[PDB]
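Asks: The structure that follows is given in the form of structure tokens.
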Amino acid sequence: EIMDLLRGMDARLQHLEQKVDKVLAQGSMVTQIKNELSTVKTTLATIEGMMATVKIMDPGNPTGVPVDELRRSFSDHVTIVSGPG
Amino acid sequence: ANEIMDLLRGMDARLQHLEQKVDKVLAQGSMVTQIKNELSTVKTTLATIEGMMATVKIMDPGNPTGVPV
Amino acid sequence: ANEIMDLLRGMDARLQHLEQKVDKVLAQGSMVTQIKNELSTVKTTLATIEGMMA
Amino acid sequence: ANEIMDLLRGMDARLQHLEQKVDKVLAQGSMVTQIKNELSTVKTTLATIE
């Protein structure tokens, strides 16, 4: 029983060793993801900064082009949501 | 006799080594917790960006719109 | 021949310790499965906004 | 005695189960490759905004 008490133990143990070497890659990939997501925070802060202060200007009709030609706008109601939805 | 004791001693030592390996692996999860905490803000800020883009798009006078219901 | 019993109780003790640490490790793995799901949603909405900007 | 050999067969069976789900943990690597791909896309597309 002692042989049995050792041989399978060593075999399982070697399997554990292999799985452990596989698992230590977790820490590495996880910290790389952490840093990359930190860069995502850095760039998302900038994209917020750019989008917060944006100019929206209506060109108007200073040229005096006839309204017939200017009728380049939809005449059908379309239901779009922004936040609530 | 004493050889079986040598074997048991070597196993317990080997399990101790693995035990250090697994407690290190467990300690690795704190920064996973931090990355979850930051993915929180990821979703929040992304939703804010989406909402800003949507309300900018609806602001165009060319296409009449309407809130559902 | 009692030492054998003493060491055996010791192996049981480190054993329980392995059980608890491995169980919480499984909890960490379950929480990374959550993370996976949320970031999936982040990808979906990012794709939506990429469609919207163009 | 034999009781502890039986118990240890029990604990190594549980151990094999732990390794079973451990093998399932690594499945995240493809999706994290996808998340890096997301970074690349968002960088390329925020380049357009400026």
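Chain labels A, B, ... are given in the sequence in which chains occur in the structure tokens; within each chain residues are numbered consecutively from 1, and ligands are likewise numbered from 1 in the order shown.
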Select, as a short mmCIF file (atom, residue, chain, number, x, y, z; two decimals) with N, CA, C and O atoms, in the first residue's frame, those residues of chain D with any atom no more than 9 Å from chain C (distances computed using only C-alpha atoms).
Replies:
data_model
loop_
_atom_site.label_atom_id
_atom_site.label_comp_id
_atom_site.auth_asym_id
_atom_site.auth_seq_id
_atom_site.Cartn_x
_atom_site.Cartn_y
_atom_site.Cartn_z
N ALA D 1 -4.10 5.22 9.65
CA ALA D 1 -4.35 3.92 9.05
C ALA D 1 -5.04 4.07 7.70
O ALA D 1 -4.96 5.12 7.07
N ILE D 4 -7.08 7.20 6.59
CA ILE D 4 -6.50 8.42 6.05
C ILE D 4 -6.05 8.26 4.61
O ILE D 4 -6.07 9.24 3.86
N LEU D 8 -7.41 10.70 1.81
CA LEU D 8 -6.50 11.40 0.91
C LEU D 8 -6.85 11.15 -0.55
O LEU D 8 -6.64 12.01 -1.40
N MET D 11 -9.43 13.72 -1.03
CA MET D 11 -8.88 15.09 -1.19
C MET D 11 -8.17 15.23 -2.54
O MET D 11 -8.15 16.36 -3.06
N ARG D 14 -11.03 15.74 -5.07
CA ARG D 14 -11.45 17.17 -5.02
C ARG D 14 -10.38 17.99 -5.74
O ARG D 14 -10.75 18.91 -6.49
N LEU D 15 -9.10 17.65 -5.54
CA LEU D 15 -8.00 18.36 -6.17
C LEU D 15 -8.09 18.30 -7.68
O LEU D 15 -7.87 19.30 -8.37
N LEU D 18 -10.61 20.73 -8.70
CA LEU D 18 -10.08 22.09 -8.69
C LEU D 18 -9.27 22.36 -9.94
O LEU D 18 -9.40 23.42 -10.55
N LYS D 21 -11.67 22.98 -12.97
CA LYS D 21 -12.16 24.35 -13.15
C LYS D 21 -11.01 25.34 -13.36
O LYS D 21 -11.20 26.38 -14.00
N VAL D 22 -9.82 25.03 -12.85
CA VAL D 22 -8.65 25.86 -13.13
C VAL D 22 -8.39 25.92 -14.63
O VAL D 22 -8.11 26.98 -15.19
N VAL D 25 -10.60 28.40 -16.12
CA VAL D 25 -10.30 29.81 -15.86
C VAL D 25 -9.57 30.46 -17.02
O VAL D 25 -9.91 31.59 -17.42
N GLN D 28 -10.35 33.04 -20.52
CA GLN D 28 -10.50 34.49 -20.67
C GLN D 28 -9.52 35.11 -21.65
O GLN D 28 -9.75 36.25 -22.07
N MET D 31 -10.84 36.54 -24.96
CA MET D 31 -11.70 37.74 -24.74
C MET D 31 -10.83 38.94 -24.37
O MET D 31 -11.20 40.07 -24.73
N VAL D 32 -9.73 38.71 -23.65
CA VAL D 32 -8.83 39.82 -23.34
C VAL D 32 -8.06 40.26 -24.59
O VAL D 32 -7.76 41.44 -24.77
N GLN D 34 -9.59 40.24 -27.33
CA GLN D 34 -10.67 41.03 -27.91
C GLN D 34 -10.70 42.44 -27.30
O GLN D 34 -10.96 43.42 -28.00
N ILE D 35 -10.43 42.52 -25.99
CA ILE D 35 -10.49 43.83 -25.28
C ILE D 35 -9.34 44.72 -25.77
O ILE D 35 -9.58 45.92 -25.95
N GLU D 38 -10.37 46.06 -28.90
CA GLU D 38 -11.23 47.20 -28.61
C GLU D 38 -10.41 48.47 -28.41
O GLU D 38 -10.79 49.55 -28.88
N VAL D 42 -10.71 51.87 -30.58
CA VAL D 42 -11.11 53.15 -30.00
C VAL D 42 -10.02 54.20 -30.21
O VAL D 42 -10.32 55.37 -30.43
N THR D 45 -10.27 55.37 -33.82
CA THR D 45 -11.47 56.14 -34.08
C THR D 45 -11.53 57.46 -33.32
O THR D 45 -12.20 58.39 -33.78
#
Asks: Taking only C-alpha atoms into account, what are the residues of chain B at most 12 Å from chain D, put as a VMD selection string?
Replies: chain B and resid 22 25 39 46 53
Asks: Keeping N, CA and C atoms for every residue in the selection just given, could you write it to a file as a PDB file, in the first residue's frame?
Replies:
ATOM      1  N   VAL B  22       0.260  28.583  -4.464  1.00  0.00           N
ATOM      2  CA  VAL B  22      -1.164  28.897  -4.524  1.00  0.00           C
ATOM      3  C   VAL B  22      -1.504  30.137  -3.707  1.00  0.00           C
ATOM      4  N   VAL B  25      -0.743  32.919  -5.935  1.00  0.00           N
ATOM      5  CA  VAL B  25      -1.762  33.022  -6.974  1.00  0.00           C
ATOM      6  C   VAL B  25      -3.018  33.683  -6.420  1.00  0.00           C
ATOM      7  N   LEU B  39     -13.369  49.216 -14.122  1.00  0.00           N
ATOM      8  CA  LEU B  39     -14.318  48.942 -15.194  1.00  0.00           C
ATOM      9  C   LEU B  39     -15.689  49.510 -14.864  1.00  0.00           C
ATOM     10  N   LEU B  46     -18.394  55.557 -20.493  1.00  0.00           N
ATOM     11  CA  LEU B  46     -18.792  55.190 -21.847  1.00  0.00           C
ATOM     12  C   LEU B  46     -20.264  55.502 -22.080  1.00  0.00           C
ATOM     13  N   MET B  53     -23.218  61.874 -27.398  1.00  0.00           N
ATOM     14  CA  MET B  53     -23.246  61.731 -28.849  1.00  0.00           C
ATOM     15  C   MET B  53     -24.676  61.647 -29.364  1.00  0.00           C
TER      16      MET B  53
END
Asks: Neighbouring residues of residue 30 of chain A were defined as those with any atom within 10 Å, considering only C-alpha atoms; residues of the same chain fewer than 4 positions away were excluded. Please report them as a list in words.
Replies: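 The contact residues come out as residues 25, 26, 34, 35 and 36 of chain A; 28, 29, 31, 32 and 35 of chain B; 29 and 32 of chain D.
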Asks: Residues of chain A within 8 Å of chain B, counting only C-alpha atoms, what are they? List them as a ChimeraX atom specification.
Replies: /A:2,6,16-17,20,23-24,27,30-31,34,37,41,44,48,51,72-83
Asks: Within chain A, find each residue whose DSSP state, derived from the backbone, is helix (DSSP H, G or I), and express the selection as a PyMOL selection string.
Replies: chain A and resi 2-52+67-70
Asks: Using only C-alpha atoms and a cut-off of 8 Å, which residues of chain D sit close to chain A? Please list them as a list in words.
Replies: residues 5, 12, 19, 26, 32, 36, 39 and 46 of chain D
Asks: Keeping only C-alpha atoms, write the selected residues as a PDB file, in the first residue's frame.
Replies:
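Below you can see part-v1.pdb, which holds the result:
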ATOM      1  CA  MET D   5      -5.448   6.827   2.747  1.00  0.00           C
ATOM      2  CA  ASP D  12      -6.991  14.292  -4.401  1.00  0.00           C
ATOM      3  CA  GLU D  19      -7.673  21.573 -11.576  1.00  0.00           C
ATOM      4  CA  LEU D  26      -7.708  30.380 -18.641  1.00  0.00           C
ATOM      5  CA  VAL D  32      -8.831  39.820 -23.341  1.00  0.00           C
ATOM      6  CA  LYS D  36      -7.027  44.886 -26.587  1.00  0.00           C
ATOM      7  CA  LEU D  39      -8.421  49.528 -27.454  1.00  0.00           C
ATOM      8  CA  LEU D  46     -10.726  58.867 -31.537  1.00  0.00           C
TER       9      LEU D  46
END
Asks: At what distance in Å, to one decimal, does atom CA of residue 44 of chain C lie from atom CA of residue 53 of chain A?
Replies: 26.2 Å
